[PDB]
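Working notes, structure below.
Since every read-out is calculated from the coordinates, none of them should be taken as a lab result. Cβ: placed from backbone, ideal geometry, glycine included. Neighbour counts: every protein chain shown.
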Amino acid sequence: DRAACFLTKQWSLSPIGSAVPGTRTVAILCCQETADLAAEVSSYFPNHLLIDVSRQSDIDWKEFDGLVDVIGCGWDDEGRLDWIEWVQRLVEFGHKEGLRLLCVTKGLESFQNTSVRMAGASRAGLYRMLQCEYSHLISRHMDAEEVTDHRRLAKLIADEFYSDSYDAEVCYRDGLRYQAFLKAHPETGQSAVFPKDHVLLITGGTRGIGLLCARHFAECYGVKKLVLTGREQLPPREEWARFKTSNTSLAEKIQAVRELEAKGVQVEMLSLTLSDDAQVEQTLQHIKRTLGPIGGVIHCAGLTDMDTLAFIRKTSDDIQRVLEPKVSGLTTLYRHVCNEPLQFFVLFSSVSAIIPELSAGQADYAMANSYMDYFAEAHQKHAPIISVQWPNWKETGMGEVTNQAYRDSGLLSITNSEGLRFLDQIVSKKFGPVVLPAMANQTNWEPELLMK
Ligand SMILES: NC(=O)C1=CN([C@@H]2O[C@H](COP(=O)(O)OP(=O)(O)OC[C@H]3O[C@@H](n4cnc5c(N)ncnc54)[C@H](OP(=O)(O)O)[C@@H]3O)[C@@H](O)[C@H]2O)C=CC1
């Protein structure tokens, strides 16, 4: 594994060359809040369908030029997934010779924006990547400025929609169009002591990378109190002796608790529904009462859906299960730990949040991890919160089974030791709120083309 780098999302001018209108129907996805905007957008499309999701599909989808989604310009309820089936149906049933999907947000990107407006985060991640999963699509996320008037915004939208671009992600700042790309962090491509009476909280800490982090913090940062959370409820401690010769995942967890406790660490392995406000409150009160204040959080709770790959074959329910730990779960956890004396709050995101080619066949996972990226950017002022867009870990967790796009990306799969060193640097330094640490074979690596 050759060369370490740290990539962050940067922006450069990408002017539109021509904007030729069509006459096929354009769908306009909105909600009650964004309906006035949607009406203004609609005046640029003589042929349109306004789909207000807060008001089923008997549509001749093959007659459409595409869809403009402006729900991300309002509140954009992360828990309401009804909008998804409109996108799926258009993607599946639409013309195979080109159709356009355009997602518009307002002030979601931190570029030339001192105040991230946390709306549209999961949806941006979907639209960024759909053209890599479906070769016939042109799909784009566009971020406008929060100040932009509806009339001006509608004009920008219409030109963008019918543009000659295949850029995955763009923003407009002071009337100028910019495209997103990845680049080695600007200058940095020490550490304080973790207090012995504070607790390190690790969600998804019971196996995989999170457990590896647990061992690492106990060994190298002198952590004395660990709370490791997952979904499984371990049996009472009195039962544990019956699992000595078991080869089960539960046996391994029990053994891991014992090995940590041998290092002189107090360890609790808990079941916690992270999106359940009442349970998270109660559990956090228990920790604070009986162990001590929270000195750090590592958010590893996460699932990939390995059964249903195609976006158009996923149900709302499937998608919700993948989002839950990273979206609702993260938000709920944050509300109950943001006033603790945190040294760090590290989110385990993925290269699939941001590299469209790797998102393919796992669109819901890209949505989930994308939300965490923006969440860190939006809350960096209030908490030492960092989203890490991890590459594949070769030796622990979900494992590798890496595909051609991953190999073709020039990303390498990383060792545990590589990953932990990456983590230590990310905590010790200011790479900013979102960073993609990669091991790359330097000869054959063009980070600046990763998002194209
Ligand atoms: N492995 C890799 O290469 C990469 C991993 N990541 C991310 O790193 C994190 C850990 O990855 P990995 O170690 O492979 O994962 P594993 O599947 O090995 O471990 C998942 C852990 O999270 C817990 N968990 C899963 N779903 C939930 C949920 N809904 N609520 C609470 N806890 C949950 C599991 O608990 P239980 O055992 O009780 O189910 C388990 O402790 C994930 O968030 C993943 O997206 C990112 C990039 C690459």
Between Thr443 and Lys155, take the C-beta separation as r, use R0 = 45 Å, and let me know the FRET efficiency to the nearest 0.05.
-> 0.50
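Please state the shape class of the stretch 51-144: rounded when a/c is under 1.5, otherwise prolate if a/b exceeds b/c and oblate if not, all from the C-alpha gyration tensor. List each step's numbers first, then the result.
Numbers: a/c = 2.48, a/b = 1.52, b/c = 1.63.
Oblate is the answer for the stretch 51-144, as a/c is 1.5 or above yet b/c matches or exceeds a/b.
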Inter-probe distance in nm under a simple model that places probes 7 Å from Cα toward Cβ, at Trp61 and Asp277 | 3.6
Report the residues of the stretch 268-298 in range of a label on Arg321: point 7 Å along Cα→C-beta, backbone N strictly under 17 Å from it.
-> 273-275
Net charge, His150 excluded, C-beta distance under 12 Å - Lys, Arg +1, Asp, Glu -1 = +1
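Calculate, in nm to one decimal, what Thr415 and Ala192 gain on full extension: separation in residues at 0.36 nm each, minus their alpha carbon distance.
Values: separation 223, 0.36 × 223 = 80.28 nm, distance 2.54 nm.
Stretched out fully, the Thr415 to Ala192 stretch lengthens by 77.7 nm.
Report the antiparallel proportion of the DSSP beta bridges in the chain as a percent, rounded to a multiple of 5.
Details: 18 of 70 bridges.
Once the DSSP bridges in the chain are tallied, antiparallel ones form about 25 percent.
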Between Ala3 and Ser135, what FRET efficiency follows from the Cβ-Cβ distance if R0 is 51 Å, with the result rounded to 0.05?
-> 0.95
In the neighborhood of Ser413, defined by Cβ-to-Cβ distances under 9 Å, what is the net charge if each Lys or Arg adds +1 and each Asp or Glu adds -1?
-> -2
Geometric extent, Cα atoms of the stretch 257-376 - Rg, Dmax (angstrom) = 16.4, 50
Of the residues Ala38, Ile59, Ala218, the Cα lying farthest along the dipole of the chain towards its positive end, which is defined by charges on the beta carbon of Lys, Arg, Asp and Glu, belongs to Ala218
Cα-based equivalent ellipsoid, the stretch 1-105: semi-axes from gyration tensor eigenvalues, Å | 28, 19, 17
On average over all directions, what projected area in square nanometres does the stretch 336-452 have, based on the convex hull of its Cα atoms?
-> 8.0
Local net charge near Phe64, Cβ-Cβ under 14 Å (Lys/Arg +1, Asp/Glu -1) = -2
Mean residue ellipticity (222 nm) of the chain, computed from DSSP H runs ≥ 4 via -39,500 (n - 2.57), nearest 500 | -9500 deg cm²/dmol
When N is the residue count of the stretch 145-203, what does its C-alpha Rg come to as a fraction of 2.2 N^0.38 Å?
-> 2.05
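Give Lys314/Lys452; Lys225/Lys429; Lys326/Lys381; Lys196/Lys263; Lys155/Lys452; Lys314/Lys394 a once-over and call out the pairs whose C-alpha atoms are over 22 Å from each other. Don't jump to the answer; show the numbers that get you there.
Details: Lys314/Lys452 26 Å; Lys225/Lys429 24 Å; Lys326/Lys381 20 Å; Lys196/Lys263 14 Å; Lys155/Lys452 26 Å; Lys314/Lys394 28 Å.
Checking Cα-Cα distances, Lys314/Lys452; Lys225/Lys429; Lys155/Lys452; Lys314/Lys394 exceed 22 Å.
Calculate, for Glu259 and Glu92, the FRET efficiency according to 1/(1 + (r/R0)^6) with r their C-beta to C-beta distance and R0 45 Å; round to the nearest 0.05.
On the way: r = 49 Å, r/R0 = 1.09.
My answer for the efficiency is 0.35.
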For the stretch 309-324, Karplus couplings with θ = phi - 60° (6.51, -1.76, 1.60), whole Hz, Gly/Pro x | 7, 4, 3, 6, 9, 7, 8, 3, 4, 4, 5, 3, 4, 6, 5, 3
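Roughly what % of Cα-Cα distances in the chain sit above 37 Å, to the whole percent? Write out the running numbers ahead of the final one.
Working: 27651 of 101926 pairs.
Percent of Cα pairs beyond 37 Å in the chain: 27.
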